[PDB]
Structure formats: structure tokens, C-alpha cells
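> One structure is given below, represented as C-alpha cells, and several questions about it will come after.
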Amino acid sequence: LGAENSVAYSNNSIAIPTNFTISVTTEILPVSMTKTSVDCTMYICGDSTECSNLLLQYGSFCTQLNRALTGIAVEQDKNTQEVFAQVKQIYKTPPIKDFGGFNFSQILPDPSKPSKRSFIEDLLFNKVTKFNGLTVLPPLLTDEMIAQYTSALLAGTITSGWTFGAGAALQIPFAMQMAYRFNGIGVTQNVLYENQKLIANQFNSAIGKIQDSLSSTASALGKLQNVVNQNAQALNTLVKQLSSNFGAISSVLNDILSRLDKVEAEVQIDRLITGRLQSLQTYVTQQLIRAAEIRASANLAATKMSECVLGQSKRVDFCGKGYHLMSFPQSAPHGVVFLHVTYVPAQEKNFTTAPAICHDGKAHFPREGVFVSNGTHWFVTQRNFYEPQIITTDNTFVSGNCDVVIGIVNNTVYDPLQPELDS
Amino acid sequence: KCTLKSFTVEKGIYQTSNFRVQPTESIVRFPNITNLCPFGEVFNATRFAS
Ligand SMILES: *[C@@H]1O[C@H](CO)[C@@H](O[C@@H]2O[C@H](CO)[C@@H](O)[C@H](O)[C@H]2NC(C)=O)[C@H](O)[C@H]1NC(C)=O
Ligand SMILES: *[C@@H]1O[C@H](CO)[C@@H](O[C@@H]2O[C@H](CO)[C@@H](O)[C@H](O)[C@H]2NC(C)=O)[C@H](O)[C@H]1NC(C)=O
Ligand SMILES: *[C@@H]1O[C@H](CO)[C@@H](O[C@@H]2O[C@H](CO)[C@@H](O)[C@H](O)[C@H]2NC(C)=O)[C@H](O)[C@H]1NC(C)=O
Ligand SMILES: *[C@@H]1O[C@H](CO)[C@@H](O[C@@H]2O[C@H](CO)[C@@H](O)[C@H](O)[C@H]2NC(C)=O)[C@H](O)[C@H]1NC(C)=O
Ligand SMILES: *[C@@H]1O[C@H](CO)[C@@H](O)[C@H](O)[C@H]1NC(C)=O
Ligand SMILES: *[C@@H]1O[C@H](CO)[C@@H](O)[C@H](O)[C@H]1NC(C)=O
Ligand SMILES: *[C@@H]1O[C@H](CO)[C@@H](O)[C@H](O)[C@H]1NC(C)=O
């Protein structure tokens, strides 16, 4: 299974991360499959009138099989709108890219591309790769229209945080937009500004590594490729079935029509109709059940979009390893790609710790964070990033005498009012 | 209307196939021959093969 780990638990000990690292992780979802339709009259009978008059004896079989495929063919567009049409106005970013050193130039639209794709969208459209009364119908949105919405969502996110999701887009300097998203993961905003140059480089490097990841191997894109393959596979099989005799004397209907008396033909052809019709009913059942699976994935993508792009996640591991900071969409064949951006705690240190401190009889508790000691001094610290500060009457609150709390310890809680009154 | 079995139809797009969806198919004539076939040479043979 994996490497074993006895976690070094003891009631007096805690580990706090002294440092952190930004990560970016790719996630890929199917959203809509190849729209198809069949003229069953043409497929079954090859436009023999003789055969068509036998097909009337089965009544409303052909019409309902064409109805079901037309129903699937509509909802493939609706799935695509549910994912991408979540932004009501086409935002675009001002020309100067002074996002505090963060460098989106890989994922923004590239002005060189005539279809207005980003650099990484233009990888995805390359890593992913019929004619007998069957048809394919093209999608309602062109791949350029999808690339417009995956610009608008990206420009809105860079310029205005959650606000364009909640209401109208409100500008905020991008450094501050990260500062509030940092408070969102319970790491205090001063940690961001005090480290900003390091943060922008840890982010920009990870975008750099995604170019390599999606250039160097196709292996991840298999999850979209399968939707193309399966529909090509089904259509190829549905055609090769026309070679099946079905216990008639030939697969070529013109043989029976040329060689036989009506009395014999109206037996032979009725085997072919029975066979071909059951062959089509098999395909239509497969498409209904396959469409139900793709629609479940489209609704998951629509949720990922509304929660992890338009907002910030408080749902652990809904949007990648680490605590969630932000996410970006990129458009892809039959699907969508997310670039989640996340915070990961990166360098433990051990500390001795206590649930409370007793002063002069008063039991003090931290207002936020944990009481820790390096061995001689007692500090409050914020939980997810080490920042030792002296325990004091303004970073604490009091409840009762010492005795109630298990394992309480003694240190003076310093009182910042006093030297002013000493003036 | 016939394709939907309804005298009234809503705003939309509807598939159909009826008008002859392929152009002018039509079939006639054969390759040629030189004689009447020799059946009488067998059918009125004097005595048949073993
Ligand atoms: C926190 O971890 C990061 C790497 O995740 C460290 O970043 C390096 O910092 C040194 C200077 O201190 C630079 O020479 C390296 O180039 C930095 N690496 C990157 C990827 O930018 C950082 O030093 C760590 N900080 C602490 C306080 O431990
Ligand atoms: C933002 O990142 C891009 C690459 O992702 C940088 O663009 C390259 O810059 C070098 C010079 O530093 C040029 O030789 C390349 O031809 C550029 N490539 C592309 C695709 O434009 C860009 O310099 C970075 N900008 C900032 C402000 O960090
Ligand atoms: C716990 O942390 C405190 C503060 O960093 C350490 O005490 C300081 O030690 C330096 C020398 O390294 C002295 O110059 C300061 O005067 C000390 N400050 C105080 C308030 O005493 C302390 O040594 C650390 N203890 C352990 C066990 O790591
Ligand atoms: C915290 O300090 C107080 C004194 O300020 C310590 O209280 C004494 O504890 C012993 C054992 O319970 C008693 O015999 C004494 O009578 C206590 N004195 C008073 C004035 O109450 C206490 O033990 C210290 N606790 C810790 C965790 O260090
Ligand atoms: C933390 O302290 C415990 C004390 O038993 C020790 O076993 C453990 O190895 C330490 N962990 C680290 C990461 O220093
Ligand atoms: C802390 O746990 C140790 C065993 O790890 C135990 O001996 C000790 O009594 C405990 N103390 C408190 C205050 O729970
Ligand atoms: C064969 O001979 C009979 C008379 O014996 C004659 O009526 C018939 O037309 C002949 N048929 C052929 C094919 O020669």
C-alpha cells in the first residue's frame, strides 16, 4: 500500500509549519460528447421502397429512436453552457500586467493566435486527436466562443476576486486580492506582504512546470480522449453490423430484391429489418446510458466553476491538495481544464504546548492560535504559519481559576497598558 | 405537422425525411447475348449420362 508512519503524538507536543509553499494542480473533466443523429428509414432499408413498406408494419419504432437521439443531441449544448456561461459580461484585462509580479501570460489569451486561445489551451487542442444515413451535428458554441468565456472568467478573477461572482466586478490591486484570499485560509495577511517576492516566484515557477507537463506527455489527456474514442467506436460498430446476415441469405438487400419472389423476400427482408432494428436499438440504449454519465460530470464541472473559480473553497480537497487559494479555467476539446492554486505547509518544527496559562490565579486562553514554548519563553502563534509573539492581556481572554483545565502551566501574561500608566 | 402528428407546432427546429432525401435513383437493362440456350440438346438427348 504505502510507507508506514507512527505520528509522534504526545499530550504536551505540537508541530507548527515554519514555512509554506504555493502549488498549482491540473484537473480535467468531460463536458460534452459528439452529437449524432440517424435516419433509421435510410439506415435499415437503404431507400428500398419494398423494405420501407415492411418497416411501416413495426409502427412508431423508427420515430422514437430518432427522438431519443435528438434529445441527447440537445443536452450536449446545455451541458456546455452550464459549465462556461457562468459570467454575464465579457471582461478583458487592461494592457499593463503589473499583478505584483504574478505572471499570467501563459493562461491569458495570446494575441498571436487567430482563434484567441491561451498558450496552454493551444497545447490541449493538440494533445487530443460515419457516412451511411448516420450523421454528426456540430456543437452550438464554436471552440473560439468557449475560448472567449475562458478569457472572461480569467480576466474577472485577476481583476476583481469573488466580487464579479456576487455582483458587478470591483477592481482591487492583485496583491491585496491575494491578501484577503490568504486570510480566507487562516494565514494572516501580513504574512503575504512580508513575503510577496518569494510568493510570486513560487507561483510563476509552477505555471512554468505546467507548460512542460502538458507538452511532454499526452497521458493525462486520456480522460478527454476516451469520449472521442467511444463515440467513434460505437459508430464504426453500428456501420459494420450492416454486413451481418441476421439469418437472411445476404447482407446486400438488392440481392434479395433481384433474386426472389415476394413470398420469399417478405421472409428474408423481415429478418434483415429485425436484425438492423435491434442493432440500432442497442446503439441508442448505449448513448442514453453514456449521456447520463457525461451529464453527471458536466454538473460536477458547473459546481467546480461556481465554487472554486468564482469564490474560494472551504470544502477540504474539493479543489486540490493544500488549502484552496484560487482557481483558473482553461478550455479543451469536449471538456474543461482547471488550474487550482493552493497553499501547502512546508517545514515543521516541534514545540512544547499547553491548552491554557495560569497567571495570578487567572486562567488565560489564546484569543486565536496556540500557546507554545521554545523551552523558556511562552508565545502565542497563528496555527498554520509560525510567528511567535509574547502572550499578553490583549491576545488572550480569561475564564476562571487555574484548577479546572487539564495540564495548565504558569507564565506571567504581560499587560501592555501598564508602562503608559507608569509615565 | 405530419412528422409530429400534430396540427399545431411550437417555435423550434424539427428533423424530417420524406421529400426523397437522395436524387434520381433508377434501374434498367443488362449486358448482351448471341443465341437461344442449348437446353433441348440435354432435355431431348437420346440416352443420358450415367
Ligand atoms: C521557504 O521555502 C522556500 C521554497 O519553497 C524557500 O525559498 C528559497 O529562498 C532562498 C532564499 O532564502 C532562495 O535562494 C531560493 O531561490 C528560494 N526558492 C524559491 C523556489 O524561490 C525559502 O527560503 C523558505 N523560507 C524559510 C524561512 O524557510
Ligand atoms: C512572464 O512569463 C513569460 C513566459 O511565461 C516571459 O516571456 C518570455 O520572456 C523572455 C525574456 O525574459 C523572452 O525571451 C521569451 O521570448 C518570452 N516568451 C514569451 C512567450 O513571451 C515574460 O518575460 C515574463 N514577464 C514577466 C514580467 O515576468
Ligand atoms: C526562546 O526564545 C527567546 C526569544 O528569542 C530566547 O531568549 C533570548 O535569547 C537571546 C540570545 O539568543 C538574548 O539576547 C535575549 O535577551 C533573550 N530574550 C529574552 C526575552 O530572554 C530564548 O533563549 C529561547 N529559548 C530557547 C530554549 O530556545
Ligand atoms: C503556579 O504558581 C502557583 C503559585 O503562584 C503554584 O501554586 C502552589 O501550588 C502548590 C501545589 O499545588 C500548593 O502547595 C501551593 O499552596 C500553591 N500556592 C498558591 C499561592 O496557591 C502552582 O503550583 C504553579 N503551577 C504551575 C503549573 O506551575
Ligand atoms: C518531534 O518530537 C518527538 C518527541 O518524541 C520526536 O519523536 C519527533 O521525532 C520530533 N519530530 C520532528 C519532525 O522533529
Ligand atoms: C500526558 O500524557 C502522559 C502520557 O503520554 C501522561 O503520563 C500524563 O499523565 C498526561 N498528563 C496530562 C495532564 O494529561
Ligand atoms: C423435347 O421434345 C418434345 C417432344 O418429345 C417437344 O415437345 C419439346 O418441345 C422438346 N423440348 C426441347 C427443349 O427440345
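> Rounded if a/c is under 1.5, else prolate if a/b beats b/c, else oblate: with a ≥ b ≥ c from the C-alpha gyration tensor eigenvalues square-rooted, which is segment A:373-423?
oblate
> Step through the table entries A:35/B:1; A:78/A:240; A:197/A:304; A:92/A:113; A:97/A:223, compare each Cα-Cα distance with 27 Å, and write down the pairs that go over it.
Flagged as over cut-off: A:78/A:240; A:197/A:304; A:97/A:223.
> Kindly rank A:89-95, A:3-9 from highest to lowest mean number of other beta carbons found within 10 Å of each residue.
A:89-95, A:3-9
> Also, quick follow-up: Please label the shape of chain A as rounded, prolate or oblate, based on the square roots a ≥ b ≥ c of the eigenvalues of the alpha-carbon gyration tensor (a/c under 1.5 means rounded; beyond that, a/b larger than b/c means prolate, else oblate).
Since a/c reaches 1.5 and a/b is larger than b/c, the shape of chain A is classed as prolate.
> Using r as the Cβ-Cβ distance of residue A:373 and residue A:213, and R0 as 35 Å, what FRET efficiency do you calculate, to the nearest 0.05?
E(calc), rounded to 0.05, equals 0.20.
Neighbour counts are summed over all protein chains in view; Cβ atoms, including those assigned to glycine, are modelled from backbone coordinates with ideal geometry. Every read-out reported here was derived from the displayed coordinates using simple, explicitly stated rules and does not represent laboratory data.
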